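No Cβ is skipped: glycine too gets one built from the backbone with ideal geometry, and neighbour counts run over all protein chains shown. What follows is calculated from the coordinates using simple rules that are stated; it is not laboratory data.
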Amino acid sequence: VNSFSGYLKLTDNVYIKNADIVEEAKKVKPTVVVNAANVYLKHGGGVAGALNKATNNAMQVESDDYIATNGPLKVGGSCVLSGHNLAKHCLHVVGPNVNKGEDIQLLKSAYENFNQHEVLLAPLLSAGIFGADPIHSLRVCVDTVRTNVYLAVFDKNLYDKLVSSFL
Ligand SMILES: Cc1nnc(CNc2nc(Cl)cnc2N)n1C1CC1
């Protein structure tokens, strides 16, 4: 039993809710919140911008030190950093950004990072300002992630479409 509330069950291990991931993280304080990161960990907008703002920019400060030491992430890759006031840990995962021309096949590699964590609160990777079809992202999630994932979808209209079209 865990503390996630109000989710619709899609599969054995994938759950979905219309929610603001920031507000959901603040209430649940999950072990892991996933950030929709880019390779530079520049958290300017979308989910990343929202999460970083909620940490009062502490996420960005930590991220800048990470990059200065380690260099950029790979598209499809990830790193574990602090969850600050939102979670124990933040798993920064880089899905391909279609608006930069990155290969959508890398979306499966991106979701594979979730399998290193037993339970996660997450957005749909490569959705929103990353330009991919969220219906496709949900399908890849369900077909790739085997650990327990709680998906937060900000947009109510999109949430309803994802549920109604789910096979
Ligand atoms: C549309 C849409 N609906 N949900 C998402 C991603 N998930 C979340 N993003 C935020 Cl900013 C807050 N809370 C979330 N759960 N998107 C993408 C970024 C454009």
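Computed values, structure above
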{"read-out": "About the Cα centre, charge dipole magnitude for the stretch 8-165 (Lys/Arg +1, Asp/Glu -1 at Cβ), debye", "value": "220 debye"}
{"read-out": "Rg over Rh, two decimals, the chain (C-alpha only, Kirkwood Rh)", "value": "0.93"}
{"read-out": "Reachable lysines from residue 9, criterion Cα separation under 16 angstrom, eight or more residues apart if same chain", "value": "17, 161"}
{"read-out": "Packing-based exposure ordering (other Cβ within 10 Å, fewest first) of 136, 84, 92", "value": "136, 84, 92"}
{"read-out": "Simple spin-label estimate for residue 80 and residue 156 in nanometres, 7 Å along Cα-Cβ", "value": "3.7 nm"}
{"read-out": "Positive-pole candidate from 71, 48, 16, dipole of the chain, charges at beta carbon", "value": "16"}
{"read-out": "Modelled label reach - residue 165, point 7 Å along Cα→Cβ, the stretch 67-109 residues with backbone N closer than 12 Å", "value": "none"}
{"read-out": "Spin-label model distance (nm) - residue 9 vs residue 88, 7 Å beyond Cα toward Cβ", "value": "2.4 nm"}
{"read-out": "Taking 55, 31 and counting other C-beta atoms within 10 Å, the order from fewest to most", "value": "31, 55"}
{"read-out": "All-pairs Cα distance distribution in the stretch 85-167, expressed in whole percent, bin size 10 Å", "value": "17, 51, 30, 2"}
{"read-out": "Theoretical gain in end-to-end length, residue 65 to residue 135 [0.36 nm per residue, Cα-Cα removed]", "value": "21.7 nm"}
